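Working notes, structure below.
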Amino acid sequence: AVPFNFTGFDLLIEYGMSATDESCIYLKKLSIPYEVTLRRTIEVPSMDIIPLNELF
Amino acid sequence: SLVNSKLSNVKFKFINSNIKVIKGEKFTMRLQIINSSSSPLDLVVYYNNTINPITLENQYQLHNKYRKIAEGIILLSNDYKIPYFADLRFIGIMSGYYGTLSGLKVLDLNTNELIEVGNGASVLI
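From first to last, the protein sequence lines are chains J and K. In the entry's author numbering, each residue's number is its place in the first sequence (first place is 1) plus 953. Residue numbers for the second sequence, in the entry's author numbering: 401 to 454, 482 to 510, 518 to 559.
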């Protein structure tokens, strides 16, 4: 679901939690490396605002 | 028609005739760039749609000159990198006689001098 990503975004990771309990917080950690780059597709580097006065 | 440079051998003319008729709609405008081919490149356009911020009747005369220079036409492809021929892309909003339409400025990206093309005209009736 990438739509709002900064341009410094280049990696991700997933510390998965592996649960098991009877009455306890007994868990572990499972971590994944993920590298992903970006398609800089379209950019709007400028804007400006003009008013108008003619009726067409 | 023609104005000479200040820095290079570049000269600017408009192939389409400098007096032309249009309504408020779109129109095609075409500019000559002929120079020396020692560095034949790297010019930029921009139209600079903002008011030059500037006797009382002259004080409201220079403003009403500038507020119809910077509000009349808008350049639909500004920051046009040139590379000779280029078809510059305007549409005009409000109507009048825009003789020496003077907003548009090309500029040499090395040794930045504010080159102006104060030529051409457009009636909008």
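Note that the Cβ used here is the ideal one computed from N, Cα and C, for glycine as well.
Query                                                                                                                              : Result
Endpoints, alpha helix (DSSP H) assigned at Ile496 (chain K)                                                                       : 486-499
CB contact check: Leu964 (chain J) to chain K, cutoff 8 angstroms                                                                  : no
Residue closest to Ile496 (chain K), alpha-carbon to alpha-carbon, out of K:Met429, K:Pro440, K:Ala555                             : K:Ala555
Segment contact, 8 angstroms Cβ cut-off, at least three pairs: the stretch 968-983 of chain J with the stretch 992-1004 of chain J : no
Continuous beta strand (DSSP E) stretch holding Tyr987 (chain J): start and end                                                    : 986-988
Spatial distance of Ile434 (chain K) from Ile422 (chain K) (CA atoms)                                                              : 28 angstroms
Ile500 (chain K), buried or exposed, once every other Cβ within 10 Å from all chains shown has been counted against 16             : buried
Interface positions of the stretch 416-430 of chain K facing chain J (Cβ-Cβ less than 8 angstroms), listed along the chain         : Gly424
Candidates K:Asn544, K:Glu550, K:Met528, K:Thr545: closest to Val557 (chain K) by CA position                                      : K:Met528
Where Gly969 (chain J) falls: helix, strand or coil (DSSP)                                                                         : strand
As assigned by DSSP and simplified to three states, the class of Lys423 (chain K)                                                  : coil
Endpoints, beta strand (DSSP E) assigned at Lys413 (chain K)                                                                       : 411-414
Residue(s) in a DSSP beta bridge with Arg430 (chain K)                                                                             : K:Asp521
Option in K:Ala520, K:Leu402, K:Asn485 with minimal Cα separation from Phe412 (chain K)                                            : K:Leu402
Exposed unless 16 or more other CB atoms sit within 10 angstroms - verdict on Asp974 (chain J)                                     : exposed
Buried or exposed by the 16-neighbour rule on C-beta atoms within 10 Å, applied to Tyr532 (chain K)                                : buried
8 angstroms Cβ cutoff, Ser529 (chain K) in contact with chain J                                                                    : yes
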